[PDB]
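Worksheet: one structure, shown below.
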């Protein structure tokens with residue numbers, strides 16, 4: 001009980017002043033508003049002065065109301081899958097002096113069996129391959145050895161075709177690449193095929209900027225360590241390498257047996273089975289690599305913005321399940337320990353606990369210390385303050401400066417095609433191999449060809465001028481937030497990929513642009 | 001599937017009145033390609049329970065909606081089809097009776113109640129899948145498992161599709177420094193155990209006849225003895241009796257791709273259990289042999305396929321039910337003309353059903369393609385593209 005808003009018209013006839021009168025007059029005269037005059041005439045009940053006095057009053061409210069670490073040289077061993085590239089790489093591994101090694105010789109001999117397939121330093125390594133079957137691959141892609149000149153990383157292409165991806169896009173580009181060939185008639189004729197994965201395994205390498213190659217002829221012993229077969233082998237193996245792009249004069253050929261160990265550790269005087277060869281041994285040839293001068297100490301190969309691709313994510317004690325150990329390649333820039341790396345995808349960051357440059361050495365447990373690495377090098381990092389989920393492979397890490405690195409779904413790529421059985425139809429599915437990632441993709445559409453609209457046949461690139469093997473739009477079938485990737489231009493190992501239909505590799509290309 | 005009635009009214013020669021019963025998810029996919037938007041479906045539901053408001057208050061009943069169709073929620077793997085609509089209301093009081101007019105309504109399909117389709121564009125292609133497949137004998141027999149060195153996928157080869165069931169995966173050995181930190185082996189054992197458990201649950205040695213195991217590498221062979229080890233541990237005679245439904249194969253990639261490498265490639269399957277997989281595998285084979293050997297005898301695309309029909313040059317016209325029922329009616333007037341035009345210049349025809357791998361493969365080619373009798377170089381200039 002409150003506010004009395006009667007009176008309202010009823011009173012006008014009760015008192016008898018009409019009201020359509022004062023209205024106009026005052027209003028105009030004065031110059032305020034309506035509503036006040038009706039209230040005031042009720043509140044002084046039909047007055048005409050005291051309400052006007054109030055009005056003369058009213059408006060009155062006034063509104064109306066450094067130090068250089070020396071390498072330490074990395075190599076990738078390449079080969080068909082049956083030359084005994086493993087038997088030969090394990091012999092280079094053995095103990096880097098050698099023998100003494102007395103436990104490891106026994107342990108290799110234990111590795112099914114101590115009596116069965118008997119042993120001479122390598123047969124025993126081969127029996128470690130037969131045990132290792134039983135959980136596919138028991139020894140590591142980490143391997144290192146030393147020589148009189150240098151400390152060597154080997155990563156050894158399989159064994160069932162996977163470690164060749166562990167080198168290129170994979171770690172530490174290779175100062176020198178090692179092609180291991182079988183001297184046998186059927187095995188050299190096989191392996192060597194244009195179609196072989198072996199040619200591809202060599203083809204990336206040459207594309208990558210892997211300038212030195214050493215070619216090692218295994219399994220000499222079956223072909224009686226022959227002069228004529230060896231010179232006949234050098235004569236095919238080289239024109240094959242030139243078709244790849246390699247410089248045949250620059251390539252060393254070393255005759256060897258991983259299986260007896262002749263020409264591996266000491267020169268082929270130790271090999272009485274060949275008297276005619278006079279030249280260096282397979283460690284002597286690998287060691288033969290020219291030392292680049294490390295820095296420019298504090299200096300460049302990217303000063304440019306840091307881009308590190310993540311090949312693999314794996315847990316560790318000190319370094320988490322991820323933001324844990326991370327493995328991949330330094331696409332551009334540089335990284336050093338104790339530094340902060342930022343991962344745009346997870347919007348999280350971490351501190352580099354340790355950095356393993358190329359050649360796989362210094363373990364996490366023993367030491368914690370080691371200086372520094374430029375683009376092109378692989379690293380195995382250790383990340384301190386970040387969580388298992390935070391980094392997945394395909395992510396690119398960088399600093400806050402020129403940070404984030406950006407990332408997405410389908411992309412545009414200038415692929416070039418090779419000799420295929422089938423061609424690429426627009427819409428055809430293929431398997432893309434960037435780094436660790438191998439995924440199904442659809443080459444949806446074929447935007448352009450040489451410069452026309454068509455399907456994509458063999459050997460197609462624009463003949464002259466702009467090169468248009470094919471302009472393509474490639475979409476990832478597998479998963480939303482499909483894949484992280486970078487253009488080749490800012491960094492190529494993130495950018496370069498291979499396309500293969502079933503078994504065969506149909507094409508390769510560079511990623512030109514990123515789309516949603 | 002079971003069809004209770006199916007009738008042909010007397011003032012309307014075309015469309016129909018279908019009363020029908022889906023029996024499994026292969027019949028949920030058939031129904032899919034039959035219902036069109038604006039067709040009217042009449043079901044039972046349980047649309048009981050209310051606000052409060054006057055009274056508590058409700059009742060129950062068992063009220064059926066004659067609902068106009070407007071859209072669909074379809075997930076084949078999840079064995080779920082639902083049709084969204086507004087009530088037709090009903091209709092005279094003769095139907096919808098009890099239903100409250102003004103209220104969208106949906107029908108989530110069950111294998112136990114029949115329902116009736118008041119159909120407008122009931123065609124001979126639909127009638128084939130409603131009286132052939134509709135296949136009260138059922139010949140589709142297959143399950144797969146594709147596996148890389150690190151991921152595996154339980155799958156189900158369907159009367160069209162390579163439907164995933166379970167994108168399993170464990171912590172795969174990456175080759176550790178030491179002799180292989182027993183971590184690798186332990187991790188591998190857990191994995192063997194994991195798939196076995198999955199397949200044991202997912203599969204049912206009662207309706208299936210083929211199980212395909214494929215991998216790049218020994219991984220498929222390993223998984224087959226791991227499958228049967230753990231069977232002989234559980235004494236699982238749903239798997240041990242059927243040691244002869246398993247077939248171990250190699251494929252380039254251990255992703256879904258491997259399925260179309262094994263099925264359509266004459267490596268494994270020939271004419272073993274192939275019935276609904278027959279023909280359709282070979283023709284899609286040859287199509288990619290031809291197009292892809294850059295011989296101009298295999299073509300894709302509405303333009304090029306209409307062009308290859310002006311020369312009469314078509315030997316096998318390829319179309320899909322995915323582009324057909326994918327949504328639209330007018331567009332198929334042309335695609336019929338286009339078959340007749342090409343055959344009147346040359347060819348048979350092959351329609352791919354369509355959640356299928358083969359139909360998806362042709363869907364990824366615009367749901368239209370052809371195989372020719374002769375080389376026609378440049379059918380893609382004149383008309384402008386590739």
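Chains as they are written, first to last, in my numbering: chain H, 1 to 516; chain L, 1 to 386. Each residue gets a CB set at the ideal place from its N, CA and C atoms; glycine is no exception.
So, residue i versus residue j, is the Cβ gap smaller than 7 Å?
{"i": "residue 443 of chain H", "j": "residue 472 of chain H", "result": "yes"}
{"i": "residue 284 of chain L", "j": "residue 355 of chain L", "result": "no"}
{"i": "residue 287 of chain H", "j": "residue 149 of chain H", "result": "yes"}
{"i": "residue 264 of chain H", "j": "residue 342 of chain H", "result": "no"}
{"i": "residue 394 of chain H", "j": "residue 437 of chain H", "result": "yes"}
{"i": "residue 85 of chain L", "j": "residue 68 of chain L", "result": "yes"}
{"i": "residue 254 of chain L", "j": "residue 146 of chain L", "result": "yes"}
{"i": "residue 307 of chain H", "j": "residue 328 of chain H", "result": "no"}
{"i": "residue 380 of chain L", "j": "residue 304 of chain L", "result": "yes"}
{"i": "residue 430 of chain H", "j": "residue 494 of chain H", "result": "no"}
{"i": "residue 152 of chain L", "j": "residue 211 of chain L", "result": "no"}
{"i": "residue 380 of chain H", "j": "residue 356 of chain H", "result": "yes"}
{"i": "residue 474 of chain H", "j": "residue 420 of chain H", "result": "no"}
{"i": "residue 414 of chain H", "j": "residue 510 of chain H", "result": "yes"}
{"i": "residue 114 of chain H", "j": "residue 435 of chain H", "result": "no"}
Report buried or exposed for residue i, applying the criterion of at least 16 other Cβ atoms within 10 angstroms of its Cβ.
{"i": "residue 282 of chain L", "result": "exposed"}
{"i": "residue 336 of chain H", "result": "exposed"}
{"i": "residue 13 of chain L", "result": "exposed"}
{"i": "residue 276 of chain H", "result": "exposed"}
{"i": "residue 398 of chain H", "result": "buried"}
{"i": "residue 164 of chain H", "result": "buried"}
{"i": "residue 406 of chain H", "result": "exposed"}
{"i": "residue 29 of chain H", "result": "exposed"}
{"i": "residue 136 of chain L", "result": "exposed"}
{"i": "residue 143 of chain L", "result": "buried"}
{"i": "residue 176 of chain H", "result": "buried"}
{"i": "residue 441 of chain H", "result": "buried"}
{"i": "residue 11 of chain L", "result": "exposed"}
With distances taken Cα to Cα, identify the nearest neighbour of residue i among the options.
{"i": "residue 390 of chain H", "options": "H:399, H:322 and H:266", "result": "H:322"}
{"i": "residue 384 of chain L", "options": "L:114, L:82 and L:301", "result": "L:301"}
{"i": "residue 239 of chain H", "options": "H:220, H:225, H:368 and H:215", "result": "H:215"}
{"i": "residue 167 of chain H", "options": "H:183, H:206 and H:135", "result": "H:206"}
{"i": "residue 146 of chain H", "options": "H:97, H:158 and H:460", "result": "H:97"}
{"i": "residue 280 of chain H", "options": "H:291, H:259 and H:255", "result": "H:255"}
{"i": "residue 317 of chain H", "options": "H:338, H:285, H:243 and H:388", "result": "H:388"}
{"i": "residue 59 of chain H", "options": "H:485, H:33, H:469 and H:84", "result": "H:33"}
{"i": "residue 183 of chain H", "options": "H:193, H:217 and H:169", "result": "H:217"}
{"i": "residue 209 of chain L", "options": "L:309, L:275, L:310 and L:82", "result": "L:275"}
Let me see if you follow: with CB-CB separation under 7 Å, is residue i close to chain L or not?
{"i": "residue 141 of chain H", "result": "yes"}
{"i": "residue 423 of chain H", "result": "yes"}
{"i": "residue 160 of chain H", "result": "yes"}
{"i": "residue 449 of chain H", "result": "yes"}
{"i": "residue 285 of chain H", "result": "no"}
{"i": "residue 405 of chain H", "result": "no"}
{"i": "residue 431 of chain H", "result": "yes"}
{"i": "residue 147 of chain H", "result": "no"}
{"i": "residue 502 of chain H", "result": "yes"}
{"i": "residue 457 of chain H", "result": "yes"}
Looking at chain H, is there any beta carbon in it that lies within less than 7 Å of the beta carbon of residue i?
{"i": "residue 184 of chain L", "result": "yes"}
{"i": "residue 332 of chain L", "result": "no"}
{"i": "residue 32 of chain L", "result": "no"}
{"i": "residue 217 of chain L", "result": "yes"}
{"i": "residue 12 of chain L", "result": "no"}
{"i": "residue 64 of chain L", "result": "no"}
{"i": "residue 179 of chain L", "result": "yes"}
{"i": "residue 252 of chain L", "result": "yes"}
{"i": "residue 83 of chain L", "result": "no"}
{"i": "residue 294 of chain L", "result": "yes"}
Does residue i come within less than 7 Å of chain C when only Cβ atoms are used?
{"i": "residue 376 of chain L", "result": "Looking at the structure shown, chain C is missing, and the protein chains on hand are H and L."}
request  = Starting from the N-terminal side, write out each stretch of the alpha helix (DSSP H) that is 4 residues or longer and does not extend beyond the segment 258 to 314 of chain L.
outcome  = You should have 258 to 264, 280 to 292 and 302 to 310.
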